[PDB]
4 protein chains.
Amino acid sequence: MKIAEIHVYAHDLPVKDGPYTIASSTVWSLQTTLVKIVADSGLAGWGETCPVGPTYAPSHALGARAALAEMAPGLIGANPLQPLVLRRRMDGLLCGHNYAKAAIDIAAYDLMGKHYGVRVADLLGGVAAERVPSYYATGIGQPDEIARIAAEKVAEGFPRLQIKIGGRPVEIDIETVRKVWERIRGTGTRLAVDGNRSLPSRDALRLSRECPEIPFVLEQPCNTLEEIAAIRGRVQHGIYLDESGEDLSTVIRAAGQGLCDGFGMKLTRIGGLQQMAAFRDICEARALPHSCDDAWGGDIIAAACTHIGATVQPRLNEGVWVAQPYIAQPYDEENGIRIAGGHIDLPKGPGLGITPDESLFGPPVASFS
Amino acid sequence: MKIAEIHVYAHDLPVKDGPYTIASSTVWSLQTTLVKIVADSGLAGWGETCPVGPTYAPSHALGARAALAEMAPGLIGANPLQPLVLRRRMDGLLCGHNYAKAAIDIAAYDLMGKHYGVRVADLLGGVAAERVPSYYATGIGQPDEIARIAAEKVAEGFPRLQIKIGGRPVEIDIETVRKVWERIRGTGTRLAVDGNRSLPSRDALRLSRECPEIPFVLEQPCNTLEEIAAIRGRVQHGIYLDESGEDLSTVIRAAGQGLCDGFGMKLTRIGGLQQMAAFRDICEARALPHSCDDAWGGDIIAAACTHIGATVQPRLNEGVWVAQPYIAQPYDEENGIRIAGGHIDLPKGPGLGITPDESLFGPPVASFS
Amino acid sequence: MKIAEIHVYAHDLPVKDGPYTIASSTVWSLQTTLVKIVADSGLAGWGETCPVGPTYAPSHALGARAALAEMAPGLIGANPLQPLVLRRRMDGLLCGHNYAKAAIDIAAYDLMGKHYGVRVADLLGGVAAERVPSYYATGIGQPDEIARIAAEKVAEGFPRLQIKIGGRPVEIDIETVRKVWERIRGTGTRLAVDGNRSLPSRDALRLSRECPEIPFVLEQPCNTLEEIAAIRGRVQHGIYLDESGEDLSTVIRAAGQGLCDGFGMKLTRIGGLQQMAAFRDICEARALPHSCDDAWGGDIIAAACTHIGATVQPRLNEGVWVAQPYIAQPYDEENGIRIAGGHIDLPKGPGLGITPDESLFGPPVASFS
Amino acid sequence: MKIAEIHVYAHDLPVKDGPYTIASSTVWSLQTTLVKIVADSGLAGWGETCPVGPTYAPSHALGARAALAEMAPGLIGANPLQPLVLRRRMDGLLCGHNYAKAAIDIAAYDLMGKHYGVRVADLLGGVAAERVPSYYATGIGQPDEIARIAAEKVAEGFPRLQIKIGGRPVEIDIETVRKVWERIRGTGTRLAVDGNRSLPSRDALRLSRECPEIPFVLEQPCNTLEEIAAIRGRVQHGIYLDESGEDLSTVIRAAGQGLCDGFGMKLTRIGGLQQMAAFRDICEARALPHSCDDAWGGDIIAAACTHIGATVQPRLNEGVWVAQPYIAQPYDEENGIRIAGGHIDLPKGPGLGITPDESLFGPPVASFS
Ligand SMILES: C[N+]1(C)C[C@H](O)C[C@@H]1C(=O)O
Ligand SMILES: C[N+]1(C)C[C@H](O)C[C@@H]1C(=O)O
Ligand SMILES: C[N+]1(C)C[C@H](O)C[C@@H]1C(=O)O
Ligand SMILES: C[N+]1(C)C[C@H](O)C[C@@H]1C(=O)O
Ligand SMILES: [Mg+2]
Ligand SMILES: [Mg+2]
Ligand SMILES: [Mg+2]
Ligand SMILES: [Mg+2]
Ligand SMILES: [Mg+2]
Ligand SMILES: [Mg+2]
Ligand SMILES: [Mg+2]
Ligand SMILES: [Mg+2]
Ligand SMILES: [Mg+2]
Ligand SMILES: [Mg+2]
């Protein structure tokens, strides 16, 4: 098999009842980028990458499209059924830019699954669970209001909550954590507190020191991995990496040196499913719980996240986060990814199990053959 | 003296009022393996190895018999009165497989003791105590029920309890520990909490962080020694190794680098009494308390554990655990190992002090001469 | 699809012009164990595991068959198209025993490849090279004798030589290394020197110190990883792990903490292709060169090694070692694995590309349904 | 059985063709202390301790007798057939003073062996070799003079030489090492260079740096273990501890943290055979070569060293050093320890196999009942 065409699309996703606030990024609408790979046989696969604003991570929508335009001519003729070979070929065309490479990677797995008649999760080691947990991430807000929302989401069925903090005096974050805990204690709901790179070590230390009785994991409290390595010995709560886990080498450093207790891992950041599967295997060997998330995006990226998440040993699965609740229009109304009772049912069809209504995207901003 | 015959037996041991639940293994009946060594003089010694299900450790009943069948022809003619020489000879025939080698080792010490007219404990440095402490290990269950059982076992005389946890949400484990402590506090009963390799560092950290007022030692909370080394600086409760202590080299690493505060050590895992005695000497030099246990098994392995345990400095002796309370039929009704008042009286006769009713075992599954 | 039957075979492999001498194992004839998995449809896949004598590693032929006998009944009905799910299922039946699990893993990948019509290497990320390099490993022998063989094998086309040392005064090992280097310098041939766990740190230090001008990597010079970590900073030659690389967790330690510069890795030791592929991804992220070998065995295990080897980035591929030159009768007369010009061609057919002549093995020694 | 009497003897040992020059002690005549333990039955065992002058180690002849006088009354009635119980009993009477405790330890093993009819080596795991290697240690002297003696002693059969250095400009030590190497290279003789605590790190660094082509191990180059840990990474020669190995705890530190590559170990320093056997097991698990020596003394301490030495794995046995060549009158004319061909035959009789002629010692200087 050979790649015959690659099509790049720009598409807009407004935030229902926004904005969505992260200590490092507030957005009102997201620009996603879709990739369609067409084989010489005519069969097509789909990928997607959607940064959550331009300030969250070293990635942005215009940059995704620039990266894809750089690599695409060099990929025409490649065998899309060989994800590692294909990844090396991308590396031969452009250094870094995992978030763009990930879209090609995901399209190729979709195409592979359709070709062989198999679900992507089964190409990645096998379906361990047909329905996977999700988690709900609150925005930054008034303590009482965040606690109210947390209670509601637990009642909806979410087995885990992530409370966003930072960008304001830490006393308010601590009050938020305490008020949330008062409403969810004794429900068995797991808790994460995400500083999104915004806390000086001063405040990360204070948060943990003041709340030993509250069972959160502290997710990416500080900006750099060096700062996290420096506070870890003095912090009695588990610490998870998110933004710092930028590649497999960094994950190997963190696992091998005992620098964290788990991960919030994004598919596009790590470079796609080929790398994410290796990431999964590393975490399983070391009993490091993790989520399988992305920054944002619709059915295509969400299905890719759900497929890898379906392969995770259940006791290590911290959930699959998706932007679906904030997206008005699905790409696939019959099989698209939907949260139900705080969980996500894996699509049942071949490949990603998603057939996007291509009409929605508009003509490609760039085509290659 | 020379070994003239080696006989290998398969024998079944059903669990009274089971199953017995460990986070890593639930069993309903155990398959033990017995070894009889006959000297040219006609004198015989007995050994035993009995994994606690095939998933607890890298060992199983069929594997024990395969290992013994591999080594046995190469041991005919060896001097059974030289335990170190004999161990090196085994190593010359098969790499690893300590749990099988241990059965030959124990049979040889039994034979040595009978030949010289001395108790095995006196071959291992001398009887420091005629009666040794034991400890009772609970299964995993409802918090209140486990607390009730803990109170009963303290009333029976057990000076130490081990609470098994893991394989479920850690909130339940923590509730169990708290309810047990409420019933046993102020009795002077020592407490261990055994995660049996099942806790991610996330949960080990939480358990310790939440319970500074409860004086447990945390036994093998995490799967690998690397994970334990990573959490140790952040855990204020003593940490003991069990499954990780797979050989004397590992014990030397753990003692020399300060990676743990004690051990739950199994005779078969370490490779027998020759190695266990060295283990004992290392712990004594570093004031590291430990038990002398095994995975399971009847009078033969239990007596071997009791003999080495009788040599331990009393202040370091965390007890000898035996499967006797879960075994309906003793091998030796006159001198077999029995728990009385939470303690074990050392047999008074030469060798292990045990004469098994060989009839019980059936014909050997393999014989060598 | 579901596993309907599992059949275990025992088969002898006489060493051509024997014996083969490793510092830890001298072998005259090897006992291989073959496994055939049959699906409900009748489609079959083949696996193989063959310890290189019982003292090289904690593995042996009788032990392989005992482990398979323990696991097989619990695998009837499993889906063989899900290698990770299947591996966890095996872990739920027996702890450890990777060398036995690997035979099931390999048969399942063979079956998967046949079912989808794809080569195993293309189920593991894709073929990076159709012609895979091998390496020649000399046995221990006299310095001039070994230097001759080294020159002869370089001429035959092998791009890398491994010289086995140990088990005798180290000055003889050093003389051998110097005389081999005299023959092969200027031929572009890479050099490994394998101590096979046999050198005290005293001697490993001496070997490196005396030979800075000879560009060997020192493979598993000492018995334990702890010993290797202790000399590493005092050794100017690259150090590779072999025997110490017992599982993915240990690989993560070694890579993350920088304890070695590469690996000799055996498929059965790591537990099969699912784990080997993850191992490959770990090494690629850290630019750690490695081989894809096994202990011994015929066309089945050799094809498995060749398929994973064909996925390795060429600049990191230290070779695929196979026992074929020492094996008189191939299982597959037409398409079995053969070394040609010091290299190995990847088979063309689906699955492993091997069709064993079952009549060579005799009837199964154990059958499960 | 019970100790009925303890008798302490003082005896002079003139140095044949004296003196003997160590960087830390020059000696013309040594004051040995013998101990006879008599059981209720009248059976007796013998021990010995003989510091090599009062400045080599924190031990001296008057100190040996004072320590024995302190402990002896508290040992009347003890069971001498339990070496570990007996050792703890001594610890309960006097802290430290291993060199004195060792004399009691050795007499008790002698008695035990006589009582059971077994050789001491067979009470310590078993005889691995009937003929034990020794090593020759040169005194400090002129480079050409020492090189001659080195050649002469190699011819006599010693498989290892130890060259003493220090106490003068290091260039003279380096010249000595080079001239010795010139004589013994190509003879298969192993080389140790002993600084006896006398080199500043400045000079130890220089000695190793200048001589990479000379295969010595550097024994106790610096005064403290702290100094040795500090230079270790900058020294390419193996480093052995001698004087720093004061107890089992320090051995555990050195081995567990990889601070040395072997030991010169003295029986009296470590505290007797009970501790020496544990020391042996520690070294065997880590492939650390070691000698079994003492400071000085006649047939009694020499036989004790020979018996433990006969249990050491041959590949790790650096030799048993004894003072016999410097001692005119043996205690046992028939079966005393004698070096022959640079090796020592293990005595055949029960216990140590030595029967001292008591009349040589004079009446006891102290008797206890
Ligand atoms: C993955 N989230 C839950 C959604 C946002 O993209 C960021 C947030 C996190 O940082 O974990
Ligand atoms: C030794 N036990 C008390 C009995 C079981 O064999 C396991 C358990 C332990 O892991 O410590
Ligand atoms: C891979 N070999 C060449 C074959 C033997 O199985 C061992 C050897 C090695 O240890 O590297
Ligand atoms: C063991 N010696 C050879 C004899 C002396 O007691 C000291 C010396 C050494 O330090 O190695
Ligand atoms: Mg819930
Ligand atoms: Mg985050
Ligand atoms: Mg009590
Ligand atoms: Mg335990
Ligand atoms: Mg070539
Ligand atoms: Mg090797
Ligand atoms: Mg059937
Ligand atoms: Mg010689
Ligand atoms: Mg010395
Ligand atoms: Mg008296």
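In what follows, chains carry the letters A, B, and so on, assigned in the order in which the sequence lines appear, proteins first and then strands, with residues in each chain numbered from 1. Values below: every heavy atom of this structure, side chains too, minus hydrogens, waters and symmetry copies. Whatever order the structure lists them in is the order used to number ligands and atoms, beginning at 1.
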With under 30° as parallel and over 60° as perpendicular, where do the rings of B:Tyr136 and B:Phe158 fit, or are they tilted in between? perpendicular
From the list D:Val312, D:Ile339, D:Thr306, side-chain contact (heavy atoms from CB on, under 4.5 Å) partner of D:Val320 resolves to D:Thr306
If the test is side-chain contact (heavy atoms from CB on, under 4.5 Å), which one of B:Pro200, B:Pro221, B:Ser208 qualifies with B:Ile231? B:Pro221
Flag the pair D:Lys266 and D:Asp293 as a salt bridge only when some basic side-chain nitrogen lies within less than 4.0 angstrom of an acidic carboxylate oxygen. no
B:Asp242/B:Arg197 salt bridge by N-O under 4.0 Å criterion: no
Tell me, which protein N/O/S atoms are under 2.8 Å away from the Mg ion (ligand 8)? B:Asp194 OD2, B:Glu219 OE2, B:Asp242 OD2
May I ask you to check whether D:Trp181 and D:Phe216 place their ring centers less than 6.0 Å from one another? no
